[PDB]
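Presented below is the structure to which this report refers.
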Amino acid sequence: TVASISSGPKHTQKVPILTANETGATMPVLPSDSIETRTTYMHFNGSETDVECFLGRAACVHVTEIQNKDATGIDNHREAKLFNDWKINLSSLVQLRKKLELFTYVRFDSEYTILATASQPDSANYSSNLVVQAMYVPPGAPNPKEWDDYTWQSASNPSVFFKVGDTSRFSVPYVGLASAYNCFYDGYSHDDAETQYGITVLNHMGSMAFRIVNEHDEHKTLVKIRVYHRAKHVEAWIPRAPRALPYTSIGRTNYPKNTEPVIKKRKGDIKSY
Amino acid sequence: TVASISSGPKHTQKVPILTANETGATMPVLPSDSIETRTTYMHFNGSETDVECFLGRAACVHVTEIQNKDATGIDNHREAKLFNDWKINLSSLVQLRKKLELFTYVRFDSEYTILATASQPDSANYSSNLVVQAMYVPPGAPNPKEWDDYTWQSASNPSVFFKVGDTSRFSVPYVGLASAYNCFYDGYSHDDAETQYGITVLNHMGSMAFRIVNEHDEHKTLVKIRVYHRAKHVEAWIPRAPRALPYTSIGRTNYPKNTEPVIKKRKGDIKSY
Amino acid sequence: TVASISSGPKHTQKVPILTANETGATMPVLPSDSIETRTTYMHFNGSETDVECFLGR
Amino acid sequence: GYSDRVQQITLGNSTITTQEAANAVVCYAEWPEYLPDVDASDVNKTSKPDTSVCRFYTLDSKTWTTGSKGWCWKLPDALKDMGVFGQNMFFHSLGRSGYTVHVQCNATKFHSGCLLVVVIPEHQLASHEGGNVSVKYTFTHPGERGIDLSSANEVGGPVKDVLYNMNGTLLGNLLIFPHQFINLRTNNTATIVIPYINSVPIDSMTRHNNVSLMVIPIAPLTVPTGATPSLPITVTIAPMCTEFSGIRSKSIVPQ
Amino acid sequence: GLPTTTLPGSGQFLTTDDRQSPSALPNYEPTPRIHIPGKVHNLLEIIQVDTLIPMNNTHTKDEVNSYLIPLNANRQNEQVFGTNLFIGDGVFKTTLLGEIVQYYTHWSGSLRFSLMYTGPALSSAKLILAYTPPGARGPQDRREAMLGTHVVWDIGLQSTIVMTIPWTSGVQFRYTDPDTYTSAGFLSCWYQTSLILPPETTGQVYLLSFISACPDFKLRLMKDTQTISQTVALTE
Amino acid sequence: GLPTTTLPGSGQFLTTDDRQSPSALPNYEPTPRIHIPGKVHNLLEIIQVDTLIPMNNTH
Amino acid sequence: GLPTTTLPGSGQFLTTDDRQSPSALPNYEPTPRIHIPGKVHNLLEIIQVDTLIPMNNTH
Amino acid sequence: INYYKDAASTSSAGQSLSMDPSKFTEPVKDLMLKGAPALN
Amino acid sequence: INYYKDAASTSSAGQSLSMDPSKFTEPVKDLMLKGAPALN
Amino acid sequence: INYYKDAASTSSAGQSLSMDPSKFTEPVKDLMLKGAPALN
Ligand SMILES: Cc1cc(CCCCCCCOc2ccc(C3=N[C@@H](C)CO3)cc2)on1
Ligand SMILES: Cc1cc(CCCCCCCOc2ccc(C3=N[C@@H](C)CO3)cc2)on1
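Here it is, written out as structure tokens:
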């Protein structure tokens, strides 16, 4: 492939460099339309800018935490982190979010990796070996109330059991209701005067519940869960302007008030180098 | 292959042993040009002197250390080794350095092995099990400020998570900007009167950041990281004189003052055996 | 596979929507027996409702 | 003698002529088309009023003055009240449509000024409150009036800050969306053909707007000496290939 | 039982590796795809669309005005604007090009810089745009500027001028992030003759300026952008 | 000895995965199947039989 | 699931072994090679060039 | 590839792709045609 | 070799090697030729 | 068998078995024959 062809002096009536940008086109002008060039080859394919590659590496999408401790006398397991739960979503952390929102609709399979590490912040004789159990609780299915409810039987709901310190990995097909996931949605769930605006109403994915299977030892053990997400088989439509201001909320476009100028001011003139 | 052919008495006008070294050549003289020889075969190929073999074994290129401890009240994580960082480079340790600098330009893929072991120098009930996370922070990308910054999300930057005591291994393609890496560079980054001289300006490879993912236990744990590097797919150009004096700095050729004579003095005469 | 065929106005002596449930049958009535439909395809096989799948986790 | 410059668009019972055009943009290089069966889901036969809905409606005019910040209309909202297009809209459960948008602004060879005319698929607005305040329905359904970016923040309304496109992105990058400029010195109209863009084959026309049309002054209007300091901008829009499905009782929407 | 040996790296999680995994939802059937205009396949497809450069960066809070380069009637010989070409920083940084370049470590290729004139139709002007390849200082006067890559632009019916910064380089890749060794030059613009307004007209006229990449362009070695960060996880 | 590398997920138990296992009862012979009317293959087969709706829910 | 047995040496790191590894930079394209005079392939090539011997070591 | 000798040890079965609701939805002795009168 | 039955479980996809910027860079209705005048 | 997609991930290269010291041992412009006089 040639990156530049050889081109010499020109004295024409045919001027490729004068255009009318009002038309909305970006005319494909090249170095050889306005200087004299020599042949050179590309030596490159643009492999690593493919959208599959761009969205295809694992990104941290969520960090939660649960603890193993005596539940005796706990009136609210959920509240004691005896078993946390996460409202699956993909905009809670921003590195990956800005990347996805370069597109309007996106379609892909997900590969999740879940790393779990334990901490024992206060005096323990040892490090126990805990097994985590993460359940998929899609919307419409009983959601766990205690850390050892009938729910955890999970007879119809996919669940994975792995050890703290290890990693769990599995992959979920594209579960969207439509043909693509909306990265943006300028609508409501119905014509209500006070219903919420955004995608929050569309990206109804349900939540995922984690717990330790082990009963309690004499000390307490903090287990912190990190969920990583990798898109595989990516398809993206309609590019948009990149995010400039900071994010404030999952699912709304809102930016913070009295934010700071995002364009760097010159130290000098327009004329400055 | 014959290592020596059979050759007998000679009384010629054709003298292969008289030459003129002023020409710059090393004339290919053999035993059979000046004594009577018998046939012998080589029985050998020179396999283990191939440059791929010479540069192809893992060498320790870096030892760093980070600790897991309560960051509560630490004003400078980087400074507490709550997460160290390494300015990737391949001349910090010298065994491998002398080997590479036998050549001027070198091109290869790298295979890294990272061994991490833990130490608990002061009273602990136990040994905790820590997961290390090493990130590749190429130049232009946010560099970590605390041990748990958004940076560690590493949504676009390759990172590996492995356990202390284990080893991590992955391989990076030749990331040089030019066609080869310069082992030497007699230039500057620009014609500045005070800019630095050397390759420091050329071997801009960015740095690699390590941290423990675990929160803190009651005791403190020292984790010491050793990075090993193995060249694979090696290509080397222009041999040079081997390094004689000791090294003083990454990237400059400088030797120490009042160094010692590097040539061993005879215990005796020129005539001595 | 078609999920619905195209069907238009009807003025017949042949009424598929009147039945006698006392018989014990569930007559296979479709949208196209009582409204005007357009063609659409199924795009689906019913894979995940197989009893092997239902009892297989 | 055809110029890129003169054009005629006849759609239904209405025709537009421009003698000073700058080509026309067809979003994503695709022209509006009806919904194919292979893509269909709802089993209902759809209704295609054709020429009674696919004609040109001219919205009420705006006034560009030196202080203007820009205006924003949403589709199909802007047309919610135009003739039979609008009736069909409130009466069917689902509908689908593409449009031809023609923005008009003429001046003289002594004026200067340049407007950006852009179509943004799925333009989800931001609340000026920050945090996770929502933007109430009424605020994102201004109707033919559209939203006036130089009007004041209101409560439950969107933010109207132009350097941020009403969503946290910079004005400068709106050029990645199908768009055309109106530069008084060149141009006097902008025309964009919009194919139907959605993640579902057909949708509700009232709970979801699928494009915002935005006209933004970028090089300020500068009139000749002692000229009146303003020009009107007119927007005429025509639904094209419209289909409605799931007819019934007639939606009732807030406010 | 087949004998195996495990190698160094066993059990590691590398966020960039690509392997198979069990599906959690065995036998599930995804929604059919329908057609949607606009599919993107390569980021290289989109960085060829031009977007506006806030060249007039001299303000103090972001404003529509930093997109406008002003022009003065009747000035002769003088300089319209200047900038270095660190596409990952400074004016370029918020543009779509700048914004994507920042996801990669290295770039190589030609850039296309165009200027669209917005002055009254009855005015006229001749400007010179100059590209100065690495190695010299930003030009200080047109004489200096005109000795490097340049285009005399004659403002006419055809409203925009497209200047190309042809790839001039020893090393075949440059870092996006400002490197010296790797630096690309300067871009300046001066009056060639001068802007002239018709009667009954007055004041400043402005140029809009765009940037996009030529088909020439290469970007490699993905990394994280300095353009976005956060201090606590967001919630709904 | 063939060189291997284990990936993330090793040792996990996913209730939905489908793999082979050793039989605890090697060589055992199950009872022959006889014919039984009524075999169900898909839940889609049965949701097409109609059943009564307690529409008058007001009690 | 295929039955395996691990041998002595599993998990060891031998600095001299030569195996495959995942690339951290999937799909990256290295700079083209250009021609450079002087390529060395074997150390045996270079030890045939003669160099001076500090024979007079007595200093 | 089965690694094991017994049939019980193989993975899950594969979709019936049988599907015939008529034993449940139309177990009538004399065949009913849709469109013809239910009771003649 | 896929070891798993479902398509979601396969590795990353392979390069589009599609690439056609014209839907984004030249969505004009009447074709513009480089070198010919923009506005006739 | 390569298990990985990228070339960097393959094992060590295999012996040049190239070997030609003459660029280093005899870079003279006019060819010298062993046995013939060095300087004529
Ligand atoms: C055990 C176990 C646990 C699980 C979880 C199953 C995965 C379900 C999650 C489905 C994917 O979720 C989303 C959510 C949001 C988005 C998304 N939001 C927009 C910004 C873009 O994409 C995409 C996928 O499965 N088995
Ligand atoms: C996780 C994770 C961590 C990483 C690191 C990626 C590797 C980047 C390093 C690239 C190779 O670096 C160098 C540096 C210097 C030299 C060199 N200097 C001269 C003496 C010779 O060679 C060669 C390669 O990737 N993924």
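Taken in sequence, the protein lines are chains 1, 1', 1'', 2, 3, 3', 3'', 4, 4' and 4''. A prime marks a further copy of an entry chain. Add 16 to the 1-based position in the first sequence for the deposited numbering, that's all there is to it. Add 16 to the 1-based position in the second sequence for the deposited numbering, that's all there is to it. Add 16 to the 1-based position in the third sequence for the deposited numbering, that's all there is to it. Add 7 to the 1-based position in the fourth sequence for the deposited numbering, that's all there is to it. Just so you know, the deposited numbering puts 103 at position 103 of the fifth sequence, and the rest follows in order with no gaps. Just so you know, the deposited numbering puts 50 at position 50 of the sixth sequence, and the rest follows in order with no gaps. Just so you know, the deposited numbering puts 2 at position 2 of the seventh sequence, and the rest follows in order with no gaps. Add 28 to the 1-based position in the eighth sequence for the deposited numbering, that's all there is to it. Add 28 to the 1-based position in the ninth sequence for the deposited numbering, that's all there is to it. Add 28 to the 1-based position in the tenth sequence for the deposited numbering, that's all there is to it. Using N, Cα and C, we set each Cβ at its ideal position, and we do this for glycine too.
Checklist entry - Counting pairs of Cβ atoms below 8 Å between the region 103-110 of chain 1' and the region 130-147 of chain 1, do you hit three or more? => result Output reads no: the region 130-147 of chain 1 does not touch the region 103-110 of chain 1'.
Checklist entry - Cβ of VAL239 (chain 1') within 7 Å of Cβ of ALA150 (chain 1')? => result no
Item to check | Unbroken beta strand (DSSP E) run spanning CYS76 (chain 1'), endpoints | outcome: 75-84
Item to check | chain 3' within 7 Å of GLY62 (chain 1''), Cβ atoms only | outcome: yes
Checklist entry - Quick one: any contact between the region 94-114 of chain 2 and the region 190-199 of chain 2, if contact means 3 or more CB pairs under 8 Å? => result Segments in contact, yes.
Checklist entry - Does the distance from the C-beta atom of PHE251 (chain 2) to that of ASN95 (chain 2) stay below 7 Å? => result yes
Checklist entry - By Cβ distance, which residues of its chain are closer than 6 Å to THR38 (chain 4'), with the 5 residues on each side in sequence left out? => result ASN30
Checklist entry - chain 1 beta carbons: is any one of them nearer than 7 Å to that of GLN136 (chain 1')? => result no
Checklist entry - Does DSSP put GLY1 (chain 3'') in a helix, in a strand, or in coil? => result coil
Item to check | Per DSSP, cross-strand counterpart(s) of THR24 (chain 2) | outcome: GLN15 (chain 2)
Item to check | Residues near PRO166 (chain 3) by beta carbon distance below 6 Å, same chain, minus five either side | outcome: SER110
Checklist entry - I think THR120 (chain 1) touches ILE254 (chain 1), with their Cβ atoms under 8 Å apart; what is that distance to the nearest whole Å? => result 4 Å
Checklist entry - So is the beta-carbon of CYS199 (chain 1) under 6 Å away from any non-hydrogen atom of ligand 1? => result Indeed, a heavy atom of ligand 1 lies less than 6 Å from the Cβ.
Checklist entry - In chain order, what residues of the same chain have a beta carbon less than 8 Å from the beta carbon of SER66 (chain 3), not counting five sequence neighbours either side? => result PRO54, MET55, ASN56, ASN57, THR58, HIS59
Item to check | Buried/exposed call for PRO160 (chain 1), threshold 16 Cβ in 10 Å | outcome: It is buried - the Cβ of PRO160 (chain 1) has at least 16 other Cβ atoms within 10 Å.
Item to check | Beta-carbon gap between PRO174 (chain 1) and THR167 (chain 1) smaller than 7 Å | outcome: With contacts defined as CB atoms closer than 7 Å, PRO174 (chain 1) and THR167 (chain 1) fail to qualify as a contacting pair.
Checklist entry - Taking any Cβ of chain 3'', which residues in the region 58-91 of chain 1 have a Cβ under 7 Å from it, in chain order? => result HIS59, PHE60, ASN61, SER63, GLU64, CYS69
Checklist entry - Near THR160 (chain 3), which residues of its chain fall below 7 Å by C-beta distance, leaving aside the five closest residues on each side in sequence? => result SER114, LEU115, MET116
Item to check | Start-to-end residues for the alpha helix (DSSP H) that takes in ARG113 (chain 1') | outcome: 110-116
Item to check | Within chain 3, partners of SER10 (chain 3') - CB distance below 9 Å | outcome: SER10, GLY11
Checklist entry - Given a threshold of 16 other Cβ atoms within 10 Å of its Cβ, counted over all protein chains shown, does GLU251 (chain 1') qualify as buried or as exposed? => result buried
Checklist entry - In chain order, what residues of the same chain lie with their CB nearer than 6 Å to the CB of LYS76 (chain 2), ignoring the 5 residues before and after it? => result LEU156, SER157, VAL169
Checklist entry - Can you tell me the Cα-Cα spacing of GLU37 (chain 2) and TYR9 (chain 2), whole angstroms? => result 23 Å
Item to check | Chain-ordered neighbours of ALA41 (chain 1) on chain 4', where CB pairs are closer than 7 Å | outcome: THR53, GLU54, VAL56, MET60
Checklist entry - Is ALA36 (chain 4') helix, strand or coil by DSSP? => result helix
Next on the checklist: DSSP has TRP80 (chain 2) in a bridge; who is on the other side?
Outcome noted: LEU220 (chain 2)
Next on the checklist: Within the continuous beta strand (DSSP E) that includes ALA150 (chain 1'), where are the two ends?
Outcome noted: 147-153
Item to check | Rounded straight-line distance, which links the Cα of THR5 (chain 3) to that of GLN43 (chain 4'') | outcome: 26 Å
Checklist entry - Apart from the five residues just before and just after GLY153 (chain 2), which ones in its own chain have a Cβ nearer than 7 Å to its Cβ? => result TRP78, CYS79, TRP80, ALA85
Checklist entry - Mind checking whether the beta-carbon of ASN219 (chain 1') lies closer than 6 Å to any heavy atom of ligand 2? => result Yes; taking the cut-off as 6 Å, the Cβ of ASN219 (chain 1') has a heavy atom of ligand 2 nearer than that.
Item to check | chain 1' contact for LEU109 (chain 1) (CB, 7 Å cutoff) | outcome: yes
Checklist entry - What separation, rounded to the nearest whole angstrom, lies between the Cα atoms of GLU63 (chain 3) and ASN27 (chain 3'')? => result 40 Å
Checklist entry - Between the region 2-16 of chain 3' and the region 179-186 of chain 1, do three or more beta carbon pairs fall short of 8 Å? => result yes
Item to check | Beta-carbon gap between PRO165 (chain 2) and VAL140 (chain 2) smaller than 7 Å | outcome: no
Checklist entry - Within the chosen definition, does the region 209-218 of chain 1' reach the region 66-76 of chain 1' through at least 3 CB pairs nearer than 8 Å? => result no
Checklist entry - Should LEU7 (chain 3'') be flagged as near chain 3', meaning a C-beta pair shorter than 7 Å? => result yes
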